[PDB]
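Presented below, as structure tokens, is a lone chain in the form deposited in one PDB entry.
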């Protein structure tokens, strides 16, 4: 074999989700170099809360590389309900996946964190350094902390065994193959489904909260292309933030409007201010990711919202809803 460009058997967990289908999409699209064997799995292949199944899965595949996306995910409102299930299930899934990869002897693992998890009381903009610098917002602390403990387990495997187990930190993500369930899903898909039912019913659109909170949104495909570059080129253990820039941060109100424009909605737009705004602001820096890939161009927000609404609309029956 080649000492300098070596065979890869790559295991992607949570491969059927929003982020997972994007990587499939780009890889099937021709970003997969020769001598790379990609295996994407879902919970059908093995329930990663379970140790026996995970280990068995990890024996059957013999991955050199891991992208660990499998996690119980949800919007603000789902997290509020089940902080204990977000805590127990994700920590089991992460401990099983990291430890299986370890004893299988995998060369590298990139787990997946979130801007969600940073300290509520904070200086802005946030960055990789500040990950454990105070408690997270109380709305989603179960999930937050389970992610924080990935960073923790990463450094321990690395400090004790020299494992190149690291992670990425995406902001709020959106795109095709999302969870469009309104109750349990994120703001952008939830508004999309909402705008779809509204157009169809003659109803108003009800945007939850005040509309003033601020968010950074990354398109699943933009994120997938960085994810691919990370697995290959990036070799620190300290995680890296994958986010659109500071200047590209937006209110919930403009997000709603963007969906609206795109789906040609012409009915009333109403805000339910009784509902929770959650965390107001988690503004995050990409200066690090910039020092690596200074000339990468993110797909403009409004464009990505067009492509995502068109995807939902022409895949409405197949989508998760």
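Superpose the two forms; the largest set of C-alphas matching within 1.5 Å is the rigid core. Positions refer to the first chain, counted from 1.
Quick note: we don't show the form deposited in another entry, though the next part is all about it.
- Looking at CA displacements between this form and the one not shown with the core superposed, a shift of 2 Å or more is confined, among 176, 74, 211, 125, to 74.
- In a rigid-core overlay of the protein, residue 238 has its C-alpha displaced by under 2 Å between this form and the one not shown.
- Comparing the forms between this form and the one not shown, the C-alpha position of residue 248 differs by less than 2 angstroms, with the core used for superposition.
- In a rigid-core overlay of the protein, residue 225 has its C-alpha displaced by under 2 Å between this form and the one not shown.
- Note on residue 51 and residue 75: their C-alpha atoms are nearer in the other form, a change of at least 3 Å from this conformation.
- Note on residue 80 and residue 18: their C-alpha atoms are more widely spaced in the other form, a change of at least 3 Å from this conformation.
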